[PDB]
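Read the structure below first, then the notes.
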Amino acid sequence: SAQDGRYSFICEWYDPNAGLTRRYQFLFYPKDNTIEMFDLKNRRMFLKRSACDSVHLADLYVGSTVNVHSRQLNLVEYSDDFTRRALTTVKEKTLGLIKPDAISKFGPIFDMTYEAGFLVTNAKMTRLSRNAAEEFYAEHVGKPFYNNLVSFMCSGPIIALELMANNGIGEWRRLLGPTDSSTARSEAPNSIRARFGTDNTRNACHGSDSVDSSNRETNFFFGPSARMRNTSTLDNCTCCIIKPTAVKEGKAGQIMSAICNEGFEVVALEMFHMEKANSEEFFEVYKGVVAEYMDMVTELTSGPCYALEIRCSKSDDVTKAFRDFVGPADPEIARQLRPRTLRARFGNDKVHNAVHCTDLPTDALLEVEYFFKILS
Amino acid sequence: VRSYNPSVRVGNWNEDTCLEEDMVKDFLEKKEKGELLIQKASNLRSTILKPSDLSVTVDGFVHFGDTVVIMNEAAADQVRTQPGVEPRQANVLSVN
Amino acid sequence: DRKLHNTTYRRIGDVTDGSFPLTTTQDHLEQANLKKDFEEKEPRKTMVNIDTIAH
Amino acid sequence: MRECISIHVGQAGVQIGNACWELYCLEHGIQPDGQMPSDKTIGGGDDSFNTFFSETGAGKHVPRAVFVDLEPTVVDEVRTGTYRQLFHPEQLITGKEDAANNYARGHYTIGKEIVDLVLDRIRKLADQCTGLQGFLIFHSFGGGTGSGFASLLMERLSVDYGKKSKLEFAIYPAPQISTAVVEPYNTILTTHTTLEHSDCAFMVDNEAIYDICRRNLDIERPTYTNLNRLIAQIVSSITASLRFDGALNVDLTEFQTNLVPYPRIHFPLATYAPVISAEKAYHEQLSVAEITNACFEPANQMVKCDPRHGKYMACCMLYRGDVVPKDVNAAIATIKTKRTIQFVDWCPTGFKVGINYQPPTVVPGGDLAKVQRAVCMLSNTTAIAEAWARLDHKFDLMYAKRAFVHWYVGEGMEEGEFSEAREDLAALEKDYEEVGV
Amino acid sequence: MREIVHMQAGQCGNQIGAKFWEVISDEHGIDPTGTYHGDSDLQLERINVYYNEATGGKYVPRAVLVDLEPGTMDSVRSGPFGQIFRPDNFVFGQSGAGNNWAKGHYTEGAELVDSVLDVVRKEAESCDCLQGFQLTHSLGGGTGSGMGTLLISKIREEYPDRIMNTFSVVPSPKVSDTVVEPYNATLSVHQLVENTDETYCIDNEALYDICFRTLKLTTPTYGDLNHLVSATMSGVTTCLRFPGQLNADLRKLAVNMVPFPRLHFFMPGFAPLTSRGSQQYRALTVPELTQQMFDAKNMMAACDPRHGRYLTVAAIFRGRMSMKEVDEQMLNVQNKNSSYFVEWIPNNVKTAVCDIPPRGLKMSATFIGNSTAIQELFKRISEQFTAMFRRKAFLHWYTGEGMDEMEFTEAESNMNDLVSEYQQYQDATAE
Ligand SMILES: Nc1nc2c(ncn2[C@@H]2O[C@H](COP(=O)(O)OP(=O)(O)OP(=O)(O)O)[C@@H](O)[C@H]2O)c(=O)[nH]1
Ligand SMILES: Nc1nc2c(ncn2[C@@H]2O[C@H](COP(=O)(O)OP(=O)(O)O)[C@@H](O)[C@H]2O)c(=O)[nH]1
Ligand SMILES: [Mg+2]
């Protein structure tokens, strides 16, 4: 009808020519899942009622990228007081920093977060340093747990997560359980801190205890002032792109757990909100020789993707070993032939397989550089 | 009257295709003999910007055969009494 | 208390909050701070640039 | 070394200078503080800013302009504006009383106490300049500071600097709309006293820019911001040959001794074109032939006078961007074969093109689109004789009844100066009608 | 640095001056004590045009309150915004003017004029540029009519090079409120026409009409009238105090509005003047402003411009606006009402833009007309003057007070000269 819920946000789209970032009003209508767009400055009607099938309610996430009709919008502001007070709840940023004790057991942690229903939006694997403890000088020299925890941050890598669920600060705390991992294992039987971790500060997470302290932690992390660096080291490695469909339907934890369990090693982790142009440059080798170029680009752009760098200690070559571990092209062909591999236990069709791999065993270095040194 | 890109078969597209083909020929021969500007900058960055260790003194005295970095301390008048010209920051002696 | 010389209106007209509308030459000159949206950022990151040439 | 001194006099000139120096700072990469953008180098390799900025010992670029207004109203706003530390404090001079639409108050009494100060500042800037190409005097014919003080300044610059070519940007009164009621008096007196002192008079109007912004830039409510931004684009395209490299460079001296046929005939018409908005340059390509045709249409002219009713003495065609010397020749050939535009019989070769490599700079807030090409057409034509005749008719309509004369008489001007100026412009009309035949 | 000294004469002059010093006090953010309770620097940039700096953050107006009774001087001191004036620019008499021009001009008001000139000379040498003097008085009264024009004459003799403007309240055709009002109008405007650069002639029943039918108010008192007069006075001089796209001070207005030195009688007007309850339902724009300016309804003087012809128009637009609309609609009103304009002055409208609106209104406009149709006012006052002067009516109160009838004959001859001078350009053909 005329009014059926009017979730409106300010969005910005950079016009590739003339250098402008034009400002538009996004007007998502629930109960029919439609989108409307107004043109700020020179009042007009940019998009009608429509029925766009790229934007869904779970996508939104002010601060993200949405591709409606190949215009890569960035949602930037909570316009309207109604939408501000209606999505201050439900959508909450929370930090999910995995401690270096669980540096090898992150796959099951991702599996439980996606089973609980936390839409991760940004993720990295970071080294930190002495001066990079702005996350933890808030609790400044209260006890020697300050020095012990700073040393624990400096020893070993971490995986920074930016999760979200309904009233997310508090369900993240419920998923973690209380602190003091021994006591947490004593009372909570299925929390992350109960399943993994040994004692105090060996707790596998830290949480996002209070609101706007979560915002401070994320702004020290992921954002326009983020000076964090990934743990990419190049050498004999290969790509482990995990597609947005497999990320969305609760399979990323299983995929990364299988990757870690069969062998290999995840050396660099990153989570991308890809664009149309960048997806086309990544899949430009998949031009009119396979004839799913458009669908592959669309499924990359239609959600967040997981970039992983894979090495191995089995020698041979990592590219061919990983290409043998991954199903070849199609889920049906991977199910009938070599069903113990990937892309068969996780597979729908040739477009949304589960994952992507370096087909040529001579360009994995260049693709890893494109992910972890170029587009970063 | 209008002009399209050479990918569209309207005007002088054959000669434009031959021209860009010869530019590709020149790029391949220059890459074969290794005198590209991008290679010339990339290997410069890869070789010169490589970290090196420094010899540690056990008594604070400089010894023969030590590595040593010769550096200049920053100016002690970082106030910008003359706006626009930057005061002398920390300098390190290096080779051009 | 009948004071026939009182104004009966403190100000003529009432559609304001007291602020001043930031005069036209000032609005002209403050547009120099609007170069962030006129910046020529390139969201067309090419697959090869100068660190991958050796590879 | 290719120096150029800008003198912005009048309340019109100060605002045109505001837009002009915003455009110059953007084009040469200069912050409102006057530094390089976030520094990162000083270098000294760059020299394109030397024509408009003075490279001091501090690495702080200051403009080579002089802001003059008799009233301290807009110069004070420039002082407490964003370009506060960019301008030198003594560089922005002003008085206490204003000339008040009175050419007598501009040229006499009130004007004859700041003329020494402005000549002193221009002398200091000329001693700064090594290789001064000339002067760019931005004023308005409308009256007061822009007429009387401009006439005094041009007279005492001509008798002090030799030739030293002077380029006057004039805000003409529009045929239908205008502001003052003594404006025909002021315009006629200032053009009579500047005819023998101006090397070239870049003529622009107000109703023409209003119609251009309504018709092509598509703003139903344009203003002096847009007007001054367009004039800034015109003068930037004119001086781009001095500043940046190009295939053909057309300097100032180039422009005078290629454009004007006779010393009295020095009133051309400007037309800068790409003329299009940001949401309409998106869909249409802007080729050299079509932008030259857009210049030669009788609707993009910056003065409200039809060039279809007069002949073209000369044309200067300044291109910016990626204009190729083949399609410029194609466009000029098409213009020459088009019979609607008539050229005079004694000038068979009547074009002077110059191609500059630098593309136009889009201002953060202006309505001009980011365009890779530009053409500025400066045509010496006979179509402004109609404007002169209309101005003299408006003059005679009041001067028959001797209205608004006692102000000038009491402020110092003799009563015969009005008649002498009328004689001079009647001579100018006769000169134009005997040249264009 | 241009400065204007304000001089208040009489009952009505003191009251409208107090309202003026209220409206340009809360335009500049000045509290009743005298400090600066403002927010922007534009208020304090050019406060020296109407204010003198004092000890601390105080600001004393450069206004001289003159009246020949303790009276309204005391009431202005007691009322609000009455502690802002210096208690030395408060010269008052002890006797009464008696609504008598002779009493104001020659008897006891004359011996206080020396102290008034002492005060004005002190405040004038306290200036730096001194653009000029403005005076508010009450033509038809006794203090502002005679002693006010004595002030006009002596100050014009003292400084015959600075802009001297007077606003003045002319008598109304309907009602009287003074029997000797035609006398105190005639031989006071006779003095006013000789030595004033521009006069504004704000009538009173027109103020009643504007208050009653543009603002309603049922009973409008005197504060609404003083408010309209004060708004007009502020809108005339706004360009001296605030920056704008196209400034126009008092000398710009005089040059662009006075063709001949004896034709400086003006038609003041203000826009918008819509009522308090009806202002929320109209889009306040340039077309509405221009039409509510140029209708004959909104004239703040009692003269109807339809019976005459406009010589010159001045439009001062206060507020941020795009003035292409302003220029094109000045064109439009000139072309639509070209019958009501002289044909021998092409472009007989003067446009000014000052992009700071008054507090309250988001955009406003002040109208100053030099229409020929002012001769009806002088003709009516001459008719009422010769009604009494042929029969020696109330002349003894002037002659025994000490004067002659030849001055009255000179005054009526000068008013008939003004009437003939306006009537010639009423229908002076061009060609
Ligand atoms: N194009 C353009 N013209 C302007 C601008 N400002 C004023 N003008 C012109 O200037 C005329 C008004 O006279 P001014 O030039 O302001 O007079 P002045 O130079 O200040 O000298 P005085 O009259 O003594 O104050 C108007 O008719 C306008 O056409 C502007 O910003 N852009
Ligand atoms: N606009 C206005 N007019 C007034 C006011 N008070 C008195 N008048 C007019 O002034 C006239 C009387 O002149 P007056 O000022 O008393 O002369 P004075 O006695 O010499 O001061 C009357 O016709 C009134 O209409 C006022 O507050 N506002
Ligand atoms: Mg001016």
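Residue numbers (PDB author numbering), protein chains in the order written: chain 4K, 4 to 379; chain 2W, 3 to 98; chain 9A, 56 to 110; chain JE, 1 to 437; chain JD, 1 to 431.
We put the beta carbon where it would ideally sit given N, CA and C, even for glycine.
Distance cut-off 7 Å: residue i Cβ against heavy atoms of ligand 3
i, result
"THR179 (chain JE)", "no"
"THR78 (chain 9A)", "no"
"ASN186 (chain JE)", "no"
"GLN131 (chain JD)", "no"
Below-8 Å beta-carbon distance, residue i vs any chain JE residue
i, result
"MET1 (chain JD)", "yes"
"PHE75 (chain 9A)", "no"
"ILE345 (chain JD)", "yes"
"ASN77 (chain 4K)", "no"
"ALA21 (chain 4K)", "yes"
"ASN351 (chain 4K)", "no"
"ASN45 (chain 4K)", "yes"
Local Cβ density within 10 Å of residue i, reported as buried at 16 or more and exposed below that
i, result
"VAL94 (chain 2W)", "exposed"
"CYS20 (chain 2W)", "exposed"
"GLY402 (chain JD)", "exposed"
"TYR262 (chain JE)", "exposed"
"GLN8 (chain JD)", "buried"
"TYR6 (chain 2W)", "exposed"
"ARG318 (chain JD)", "buried"
"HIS307 (chain JD)", "exposed"
"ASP26 (chain JD)", "buried"
"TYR103 (chain JE)", "buried"
Limits of the beta strand (DSSP E) - the one that residue i falls within
i, result
"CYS200 (chain JE)", "200-204"
"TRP16 (chain 4K)", "10-17"
"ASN45 (chain 2W)", "No beta strand (DSSP E) holds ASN45 (chain 2W); the alpha helix (DSSP H) holding it covers 39-50."
"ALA385 (chain JE)", "Not the beta strand (DSSP E): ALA385 (chain JE) falls in the alpha helix (DSSP H), residues 384-399."
"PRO61 (chain JD)", "59-61"
"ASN18 (chain JE)", "Here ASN18 (chain JE) belongs to no beta strand (DSSP E); instead the alpha helix (DSSP H) covers 11-28."
Residue-chain proximity (residue i, chain 9A), Cβ-Cβ < 8 Å
i, result
"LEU42 (chain JD)", "yes"
"residue 448 (chain JE)", "Past the edges of chain JE, shown from 1 to 437, lies residue 448 (chain JE), and the structure says nothing about it."
"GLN301 (chain JE)", "no"
Ligand 2 heavy atom lying under 7 Å from the CB of residue i
i, result
"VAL229 (chain JD)", "yes"
"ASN335 (chain JD)", "no"
"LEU207 (chain JD)", "yes"
"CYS201 (chain JD)", "no"
Residue i: CB within 7 Å of a non-hydrogen atom of ligand 1
i, result
"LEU240 (chain JD)", "no"
"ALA65 (chain JE)", "no"
"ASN206 (chain JE)", "yes"
Proximity test, Cβ basis, 8 Å: residue i and chain 2W
i, result
"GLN35 (chain JE)", "yes"
Which parts of the segment 203-234 of chain JD are runs of the alpha helix (DSSP H), unbroken and 4 residues or longer, counting only runs that do not cross its ends? 205-213
Pick out the complete beta strand (DSSP E) segments inside the segment 281-338 of chain JE, 3 residues or longer, and give them in chain order. 312-321
Which runs of the alpha helix (DSSP H) at least 4 residues long sit entirely within the segment 108-186 of chain JD? Give them in chain order. 109-125 and 148-158
List in chain order: all unbroken beta strand (DSSP E) runs of 3+ residues lying wholly within the segment 229-298 of chain JD. Taking only runs of at least 3 residues, the beta strand (DSSP E) segments lying wholly in the segment 229-298 of chain JD are 267-271.
So within the segment 222-263 of chain 4K, which uninterrupted alpha helix (DSSP H) runs reach at least 4 residues, ignoring any that extend past its ends? 247-251
Whole beta strand (DSSP E) runs in the segment 411-437 of chain JE with 3 or more residues, listed along the chain? none
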